[PDB]
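Listing of data12.tsv; format and content: TSV, C-alpha atoms and all ligand atoms.
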chain	number	residue	atom	x	y	z
R	4	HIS	CA	0.00	0.00	0.00
R	5	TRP	CA	0.79	3.67	0.14
R	6	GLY	CA	3.80	5.13	1.90
R	7	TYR	CA	6.50	7.71	1.34
R	8	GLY	CA	9.00	5.56	-0.54
R	9	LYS	CA	10.14	5.70	-4.14
R	10	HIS	CA	7.59	3.17	-5.35
R	11	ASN	CA	4.61	4.05	-3.14
R	12	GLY	CA	5.08	7.73	-2.28
R	13	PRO	CA	2.94	10.78	-2.94
R	14	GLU	CA	3.46	10.80	-6.71
R	15	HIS	CA	1.74	7.35	-6.82
R	16	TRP	CA	-1.22	8.01	-4.50
R	17	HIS	CA	-3.60	9.15	-7.23
R	18	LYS	CA	-3.79	5.61	-8.65
R	19	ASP	CA	-5.62	4.32	-5.57
R	20	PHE	CA	-7.11	7.67	-4.48
R	21	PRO	CA	-7.97	9.78	-7.53
R	22	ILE	CA	-9.00	12.70	-5.28
R	23	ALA	CA	-5.23	13.27	-4.94
R	24	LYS	CA	-5.76	15.46	-8.05
R	25	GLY	CA	-8.83	17.28	-6.74
R	26	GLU	CA	-9.83	20.92	-6.30
R	27	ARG	CA	-8.83	21.55	-2.64
R	28	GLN	CA	-5.82	19.34	-1.86
R	29	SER	CA	-3.31	20.07	0.91
R	30	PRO	CA	-0.67	21.06	1.75
R	31	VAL	CA	0.00	24.34	-0.12
R	32	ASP	CA	2.65	27.03	-0.23
R	33	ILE	CA	1.58	30.12	1.69
R	34	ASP	CA	2.54	33.22	-0.31
R	35	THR	CA	2.60	35.90	2.39
R	36	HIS	CA	2.27	38.78	-0.06
R	37	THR	CA	-0.82	37.41	-1.85
R	38	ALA	CA	-2.61	36.17	1.27
R	39	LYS	CA	-5.52	38.46	2.13
R	40	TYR	CA	-6.04	40.03	5.54
R	41	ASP	CA	-9.68	39.46	6.52
R	42	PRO	CA	-10.89	41.71	9.37
R	43	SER	CA	-14.00	39.61	9.89
R	44	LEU	CA	-11.93	36.66	11.17
R	45	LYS	CA	-12.32	36.10	14.90
R	46	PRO	CA	-9.53	35.15	17.32
R	47	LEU	CA	-9.02	31.44	17.81
R	48	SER	CA	-10.47	29.95	20.99
R	49	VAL	CA	-8.37	27.02	22.24
R	50	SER	CA	-9.80	25.33	25.35
R	51	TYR	CA	-7.48	22.47	26.28
R	52	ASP	CA	-7.58	22.75	30.09
R	53	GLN	CA	-9.69	19.57	30.37
R	54	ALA	CA	-7.91	17.49	27.71
R	55	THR	CA	-7.59	13.75	28.40
R	56	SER	CA	-4.83	12.05	26.43
R	57	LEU	CA	-5.07	8.26	26.27
R	58	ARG	CA	-2.17	6.67	24.40
R	59	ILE	CA	0.48	7.04	21.71
R	60	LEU	CA	0.62	4.82	18.64
R	61	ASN	CA	3.07	4.12	15.82
R	62	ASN	CA	0.68	3.60	12.91
R	63	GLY	CA	3.39	2.93	10.30
R	64	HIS	CA	3.25	6.47	8.79
R	65	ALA	CA	3.69	8.73	11.83
R	66	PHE	CA	3.02	8.53	15.56
R	67	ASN	CA	-0.35	9.65	16.95
R	68	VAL	CA	-1.25	10.87	20.41
R	69	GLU	CA	-4.97	10.12	20.93
R	70	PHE	CA	-7.42	11.93	23.20
R	71	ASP	CA	-10.81	11.16	24.74
R	72	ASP	CA	-13.32	12.83	22.40
R	73	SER	CA	-16.51	11.35	23.88
R	74	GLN	CA	-17.23	14.76	25.45
R	75	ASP	CA	-16.36	18.43	24.89
R	76	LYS	CA	-13.16	18.25	26.95
R	77	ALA	CA	-10.63	19.84	24.54
R	78	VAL	CA	-12.23	22.01	21.88
R	79	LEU	CA	-11.39	24.56	19.27
R	80	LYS	CA	-13.72	27.32	18.18
R	81	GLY	CA	-13.61	30.85	16.88
R	82	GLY	CA	-11.34	31.81	14.02
R	83	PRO	CA	-13.04	30.99	10.71
R	84	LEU	CA	-15.06	28.18	12.30
R	85	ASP	CA	-18.75	27.88	13.04
R	86	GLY	CA	-19.48	25.41	15.81
R	87	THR	CA	-17.43	23.39	18.23
R	88	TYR	CA	-14.65	21.06	17.13
R	89	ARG	CA	-13.26	18.35	19.45
R	90	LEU	CA	-9.60	17.36	19.56
R	91	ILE	CA	-9.15	13.69	18.63
R	92	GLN	CA	-5.40	13.34	18.01
R	93	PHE	CA	-2.20	15.12	17.17
R	94	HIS	CA	0.78	13.92	15.09
R	95	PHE	CA	3.82	15.29	13.31
R	96	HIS	CA	5.50	15.23	9.91
R	97	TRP	CA	9.28	15.57	9.84
R	98	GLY	CA	12.32	15.34	7.62
R	99	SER	CA	15.54	13.44	7.34
R	100	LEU	CA	17.41	16.76	7.63
R	101	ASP	CA	16.65	20.05	9.37
R	102	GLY	CA	15.99	21.86	6.08
R	103	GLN	CA	12.87	19.87	5.23
R	104	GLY	CA	10.01	18.19	6.99
R	105	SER	CA	7.01	20.47	7.09
R	106	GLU	CA	4.08	19.98	4.72
R	107	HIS	CA	2.97	23.59	4.38
R	108	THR	CA	5.64	26.06	3.32
R	109	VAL	CA	5.82	29.83	3.82
R	110	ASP	CA	7.22	31.76	0.82
R	111	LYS	CA	8.68	28.38	-0.28
R	112	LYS	CA	10.52	28.04	3.08
R	113	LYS	CA	10.38	24.53	4.56
R	114	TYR	CA	10.59	23.93	8.26
R	115	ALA	CA	12.05	20.92	10.06
R	116	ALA	CA	8.66	19.49	11.11
R	117	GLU	CA	4.96	20.29	11.31
R	118	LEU	CA	2.56	19.54	14.16
R	119	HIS	CA	-1.06	18.71	13.23
R	120	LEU	CA	-3.78	18.96	15.91
R	121	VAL	CA	-6.90	17.29	14.43
R	122	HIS	CA	-10.38	18.38	15.56
R	123	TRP	CA	-13.80	17.27	14.29
R	124	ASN	CA	-17.11	19.15	14.05
R	125	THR	CA	-19.43	17.98	16.83
R	127	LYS	CA	-22.65	18.58	14.90
R	128	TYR	CA	-21.79	15.45	12.88
R	129	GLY	CA	-21.75	13.09	15.87
R	130	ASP	CA	-18.59	11.11	15.18
R	131	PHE	CA	-15.29	11.47	13.36
R	132	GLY	CA	-16.28	8.99	10.64
R	133	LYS	CA	-19.28	11.13	9.69
R	134	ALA	CA	-17.35	14.41	9.93
R	135	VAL	CA	-14.74	13.43	7.31
R	136	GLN	CA	-17.54	13.11	4.75
R	137	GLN	CA	-18.43	16.81	5.11
R	138	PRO	CA	-16.74	19.91	3.60
R	139	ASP	CA	-16.65	21.50	7.08
R	140	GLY	CA	-16.03	18.32	9.04
R	141	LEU	CA	-12.46	18.80	10.31
R	142	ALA	CA	-10.34	21.68	11.55
R	143	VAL	CA	-6.61	20.98	11.74
R	144	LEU	CA	-4.31	23.37	13.62
R	145	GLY	CA	-0.86	23.35	11.98
R	146	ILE	CA	2.26	24.43	13.85
R	147	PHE	CA	5.76	24.71	12.40
R	148	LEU	CA	8.85	23.50	14.26
R	149	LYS	CA	12.28	25.10	13.77
R	150	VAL	CA	15.49	23.71	15.26
R	151	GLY	CA	16.94	25.82	18.07
R	152	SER	CA	16.12	25.80	21.78
R	153	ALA	CA	14.48	22.73	23.31
R	154	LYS	CA	10.72	22.79	23.84
R	155	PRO	CA	10.12	21.57	27.42
R	156	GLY	CA	6.51	20.55	26.84
R	157	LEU	CA	7.50	18.18	24.04
R	158	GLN	CA	10.05	16.14	26.02
R	159	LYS	CA	7.48	13.74	27.48
R	160	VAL	CA	6.54	12.77	23.91
R	161	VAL	CA	10.23	12.39	22.99
R	162	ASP	CA	10.98	10.14	25.96
R	163	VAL	CA	8.32	7.51	25.19
R	164	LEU	CA	9.20	7.05	21.48
R	165	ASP	CA	11.53	4.14	22.36
R	166	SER	CA	8.52	2.10	23.40
R	167	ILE	CA	6.67	2.55	20.07
R	168	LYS	CA	9.64	2.13	17.75
R	169	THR	CA	7.91	-0.10	15.19
R	170	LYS	CA	4.57	-0.11	13.37
R	171	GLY	CA	1.56	-1.16	15.45
R	172	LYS	CA	3.10	-0.57	18.89
R	173	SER	CA	1.24	1.59	21.37
R	174	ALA	CA	1.75	2.85	24.88
R	175	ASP	CA	-0.37	4.28	27.64
R	176	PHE	CA	0.04	8.08	27.48
R	177	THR	CA	-2.19	9.82	30.04
R	178	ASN	CA	-2.12	13.28	31.56
R	179	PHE	CA	-0.28	14.98	28.67
R	180	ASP	CA	-1.05	18.70	28.37
R	181	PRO	CA	-1.22	19.83	24.72
R	182	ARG	CA	-1.08	23.49	25.79
R	183	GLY	CA	2.69	22.91	26.15
R	184	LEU	CA	3.00	22.72	22.36
R	185	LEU	CA	1.43	26.08	21.42
R	186	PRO	CA	3.41	29.18	20.39
R	187	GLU	CA	2.96	32.51	22.16
R	188	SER	CA	0.84	34.13	19.43
R	189	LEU	CA	-2.25	32.59	17.80
R	190	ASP	CA	-2.13	34.69	14.61
R	191	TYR	CA	-2.98	32.38	11.70
R	192	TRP	CA	-3.56	31.80	7.99
R	193	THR	CA	-6.60	29.78	6.90
R	194	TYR	CA	-7.79	28.08	3.76
R	195	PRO	CA	-10.05	25.15	2.85
R	196	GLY	CA	-8.11	21.97	2.15
R	197	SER	CA	-7.85	18.20	2.63
R	198	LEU	CA	-6.19	15.46	4.63
R	199	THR	CA	-2.56	15.17	3.54
R	200	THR	CA	-2.50	11.37	3.72
R	201	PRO	CA	-4.88	8.92	2.05
R	202	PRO	CA	-7.82	8.90	1.81
R	203	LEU	CA	-7.09	12.64	1.11
R	204	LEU	CA	-10.69	13.68	1.80
R	205	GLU	CA	-11.38	17.35	1.16
R	206	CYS	CA	-12.99	17.97	4.55
R	207	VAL	CA	-10.54	20.25	6.37
R	208	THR	CA	-10.50	23.88	7.37
R	209	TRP	CA	-6.78	24.45	7.71
R	210	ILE	CA	-5.60	26.87	10.41
R	211	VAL	CA	-1.83	27.41	10.14
R	212	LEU	CA	-0.13	29.46	12.87
R	213	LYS	CA	2.36	32.14	11.83
R	214	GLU	CA	4.63	31.68	14.85
R	215	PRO	CA	6.74	28.49	14.86
R	216	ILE	CA	7.83	26.71	18.03
R	217	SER	CA	11.50	25.84	18.61
R	218	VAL	CA	12.72	22.33	19.39
R	219	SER	CA	16.25	21.12	19.93
R	220	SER	CA	18.38	19.17	17.49
R	221	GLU	CA	18.32	16.27	19.98
R	222	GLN	CA	14.51	16.31	20.15
R	223	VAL	CA	14.00	16.01	16.38
R	224	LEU	CA	16.79	13.40	16.26
R	225	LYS	CA	14.62	11.15	18.41
R	226	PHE	CA	11.78	11.49	15.88
R	227	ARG	CA	13.95	10.13	13.11
R	228	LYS	CA	14.83	6.95	15.05
R	229	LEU	CA	11.34	5.59	14.55
R	230	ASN	CA	10.59	2.77	12.15
R	231	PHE	CA	8.09	2.57	9.28
R	232	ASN	CA	8.31	-1.23	9.44
R	233	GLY	CA	6.87	-3.59	12.02
R	234	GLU	CA	8.95	-5.51	14.54
R	235	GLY	CA	11.01	-8.27	12.97
R	236	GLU	CA	10.95	-6.67	9.52
R	237	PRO	CA	13.90	-4.99	7.78
R	238	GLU	CA	14.44	-1.59	9.35
R	239	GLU	CA	13.38	1.53	7.45
R	240	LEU	CA	13.77	4.77	9.36
R	241	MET	CA	10.64	6.88	9.68
R	242	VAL	CA	11.77	10.12	7.97
R	243	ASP	CA	10.42	12.46	5.28
R	244	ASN	CA	6.76	11.54	5.92
R	245	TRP	CA	5.50	14.79	4.37
R	246	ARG	CA	3.52	15.40	1.21
R	247	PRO	CA	4.79	18.15	-1.14
R	248	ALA	CA	2.81	21.33	-1.78
R	249	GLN	CA	-0.19	21.03	-4.10
R	250	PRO	CA	-1.67	23.58	-6.53
R	251	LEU	CA	-3.79	26.23	-4.87
R	252	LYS	CA	-6.23	26.32	-7.86
R	253	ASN	CA	-9.37	28.40	-7.08
R	254	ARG	CA	-8.55	29.12	-3.46
R	255	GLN	CA	-7.56	32.16	-1.43
R	256	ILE	CA	-5.43	32.06	1.71
R	257	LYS	CA	-6.84	34.43	4.33
R	258	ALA	CA	-4.80	35.89	7.21
R	259	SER	CA	-5.95	36.95	10.68
R	260	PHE	CA	-3.20	39.56	10.83
R	261	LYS	CA	-1.67	42.44	8.94
R	301	LIG	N1	-1.86	14.94	7.79
R	301	LIG	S1	-3.45	14.66	8.29
R	301	LIG	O1	-4.38	14.76	7.16
R	301	LIG	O2	-3.84	15.73	9.21
R	301	LIG	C1	-3.47	13.03	9.09
R	301	LIG	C2	-4.64	12.36	9.42
R	301	LIG	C3	-4.52	11.12	10.04
R	301	LIG	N2	-5.66	10.33	10.43
R	301	LIG	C4	-6.66	9.96	9.45
R	301	LIG	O3	-6.58	10.34	8.33
R	301	LIG	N3	-7.73	9.13	9.95
R	301	LIG	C5	-8.86	8.65	9.19
R	301	LIG	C6	-9.37	9.36	8.11
R	301	LIG	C7	-10.48	8.87	7.43
R	301	LIG	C8	-11.07	7.67	7.84
R	301	LIG	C9	-12.28	7.10	7.10
R	301	LIG	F1	-13.22	8.05	6.89
R	301	LIG	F2	-11.87	6.58	5.90
R	301	LIG	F3	-12.81	6.10	7.87
R	301	LIG	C10	-10.56	6.97	8.92
R	301	LIG	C11	-9.46	7.46	9.60
R	301	LIG	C12	-3.29	10.55	10.32
R	301	LIG	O4	-3.23	9.30	10.94
R	301	LIG	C13	-2.14	11.23	9.97
R	301	LIG	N4	-0.84	10.67	10.25
R	301	LIG	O5	0.08	10.97	9.56
R	301	LIG	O6	-0.68	9.81	11.33
R	301	LIG	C14	-2.24	12.46	9.35
R	302	ZN	ZN	-0.77	15.59	9.34

Take the structure in the file and write it out as structure tokens.
Amino acid sequence: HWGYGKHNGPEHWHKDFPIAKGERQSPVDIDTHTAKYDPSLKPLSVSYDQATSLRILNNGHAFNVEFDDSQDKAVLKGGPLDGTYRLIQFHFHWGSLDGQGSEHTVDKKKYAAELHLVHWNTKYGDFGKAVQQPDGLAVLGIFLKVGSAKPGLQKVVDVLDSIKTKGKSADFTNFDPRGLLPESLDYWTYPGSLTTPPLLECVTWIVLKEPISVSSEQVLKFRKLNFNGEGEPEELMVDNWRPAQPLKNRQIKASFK
């Protein structure tokens, strides 16, 4: 099946998922001079004080931290959104070197990694229903640059040894996702898609202007993970990012001037 290798990577995905060539695919390059300031955009409202993380999983493409979404515990609202979206998981995309790794780019600049906080629209009742709707998901995207260590990330870094290979999971309770946010919540927004198969075009993307810093050692630990399962030949989990797609008939809006 699909992956990020030479014979199954993003240039091949359209054969099994023809929407790979659709009208609102992600990620995109954010051209900061042609993005449009929109004064009618509201501030983001991030309410993560009651978040309940459950576990961390190596799913063979990235690693996911999953949360309890049976109730409105950790929600996102405001910004360009109408309604309440519940946090279900977060994951990252990263590179084999510091110069690449993010999925979105800013004026063609790539960052070392990108954090994706996935939320789904509660009016649709469950995540499976929400992904079938043009306004079903809202994903908060955060860039990582290499520099100073990010203290709030270290707990994630320390458990990666226990989920080295595909299909492994570990108990991961009491993790506070507020530790991953930058200082400012200024953002760009556009309508887009999932960036992995099935590539459904169900996402309101909210991409924060301000990156967070992580240390060289922290991102090094990311690139020790394994695409393969235990007992298979080792393939390091690196460069699990999809390249920028054509913007086509879309406009990037900015919350800031
Ligand atoms: N980069 S991203 O788009 O934000 C992104 C999304 C997911 N998760 C899913 O896509 N789940 C899912 C989607 C549809 C169905 C359905 F509807 F088919 F059942 C079932 C499950 C993910 O695991 C990663 N990742 O890399 O770990 C990245
Ligand atoms: Zn993602």

Report the closest atom pair, with its distance in Å rounded to one decimal, for each residue of chain R that has an atom no farther than 10 Å from ligand LIG 301 (chain R); count only C-alpha atoms and all ligand atoms, sort by chain and then rising residue number, and write it as a tab-separated table.
residue	atom	partner	partner_atom	distance
R:29	CA	R:LIG301	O1	8.3
R:30	CA	R:LIG301	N1	8.7
R:60	CA	R:LIG301	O6	8.9
R:61	CA	R:LIG301	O6	8.2
R:62	CA	R:LIG301	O6	6.6
R:63	CA	R:LIG301	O6	8.1
R:64	CA	R:LIG301	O5	5.6
R:65	CA	R:LIG301	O6	4.5
R:66	CA	R:LIG301	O6	5.8
R:67	CA	R:LIG301	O6	5.6
R:68	CA	R:LIG301	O6	9.2
R:91	CA	R:LIG301	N2	9.5
R:92	CA	R:LIG301	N2	8.2
R:93	CA	R:LIG301	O6	8.0
R:94	CA	R:LIG301	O6	5.8
R:95	CA	R:LIG301	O5	6.8
R:96	CA	R:LIG301	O5	6.9
R:106	CA	R:LIG301	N1	8.4
R:117	CA	R:LIG301	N1	9.4
R:118	CA	R:LIG301	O2	8.9
R:119	CA	R:LIG301	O2	5.7
R:120	CA	R:LIG301	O2	7.4
R:121	CA	R:LIG301	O2	6.2
R:122	CA	R:LIG301	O2	9.5
R:131	CA	R:LIG301	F1	7.6
R:132	CA	R:LIG301	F1	4.9
R:133	CA	R:LIG301	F1	7.4
R:134	CA	R:LIG301	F1	8.2
R:135	CA	R:LIG301	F1	5.6
R:136	CA	R:LIG301	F1	7.0
R:141	CA	R:LIG301	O2	9.2
R:142	CA	R:LIG301	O2	9.1
R:143	CA	R:LIG301	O2	6.5
R:144	CA	R:LIG301	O2	8.8
R:145	CA	R:LIG301	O2	8.6
R:196	CA	R:LIG301	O1	9.5
R:197	CA	R:LIG301	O1	6.7
R:198	CA	R:LIG301	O1	3.2
R:199	CA	R:LIG301	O1	4.1
R:200	CA	R:LIG301	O1	5.2
R:201	CA	R:LIG301	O3	6.7
R:202	CA	R:LIG301	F2	6.2
R:203	CA	R:LIG301	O1	7.0
R:204	CA	R:LIG301	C7	7.4
R:205	CA	R:LIG301	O1	9.6
R:206	CA	R:LIG301	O1	9.6
R:207	CA	R:LIG301	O1	8.3
R:209	CA	R:LIG301	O2	9.3
R:244	CA	R:LIG301	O5	7.6
R:245	CA	R:LIG301	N1	8.1
R:246	CA	R:LIG301	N1	8.5

Which of R:36, R:112, R:80, R:17 sits closest to residue 208 of chain R [using all atoms listed in the file]: R:80

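Among the candidates R:90, R:146, R:167, R:216, the one nearest to ligand ZN 302 (chain R) when counting only C-alpha atoms and all ligand atoms is R:146.
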
With a distance cut-off of 9 Å and only C-alpha atoms, select the neighbouring residues of residue 150 of chain R, excluding the residue or stretch itself and same-chain residues fewer than 2 positions from it, and output the selection as a PDB file with C-alpha atoms, in the coordinates of the input.
ATOM      1  CA  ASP R 101      16.650  20.050   9.370  1.00  0.00           C
ATOM      2  CA  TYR R 114      10.590  23.930   8.260  1.00  0.00           C
ATOM      3  CA  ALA R 115      12.050  20.920  10.060  1.00  0.00           C
ATOM      4  CA  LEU R 148       8.850  23.500  14.260  1.00  0.00           C
ATOM      5  CA  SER R 152      16.120  25.800  21.780  1.00  0.00           C
ATOM      6  CA  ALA R 153      14.480  22.730  23.310  1.00  0.00           C
ATOM      7  CA  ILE R 216       7.830  26.710  18.030  1.00  0.00           C
ATOM      8  CA  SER R 217      11.500  25.840  18.610  1.00  0.00           C
ATOM      9  CA  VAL R 218      12.720  22.330  19.390  1.00  0.00           C
ATOM     10  CA  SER R 219      16.250  21.120  19.930  1.00  0.00           C
ATOM     11  CA  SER R 220      18.380  19.170  17.490  1.00  0.00           C
ATOM     12  CA  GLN R 222      14.510  16.310  20.150  1.00  0.00           C
ATOM     13  CA  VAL R 223      14.000  16.010  16.380  1.00  0.00           C
TER      14      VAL R 223
END

Local residues around (-14.8, 11.5, 24.4), at most 10 Å away, using all atoms listed in the file, as a VMD selection string: chain R and resid 54 to 55 70 to 77 89 to 91 130

Neighbour list for residue 85 of chain R as JSON, numbers by chain, cut-off 10 Å, all atoms listed in the file, skip fewer than 4 positions in-chain: {"R": [80, 81, 124, 139]}

Of the listed residues R:5, R:226, R:88, R:147, that which approaches ligand ZN 302 (chain R) most closely, counting all atoms listed in the file: R:147

Contacts of residue 257 of chain R at 7 Å (only C-alpha atoms; same-chain gap of 4+ positions) as a VMD selection string: chain R and resid 38 to 41 192 to 194

Pick from R:183, R:261, R:254, R:82 nearest to residue 45 of chain R, counting only C-alpha atoms: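 Nearest candidate to residue 45 of chain R out of R:183, R:261, R:254, R:82: R:82.
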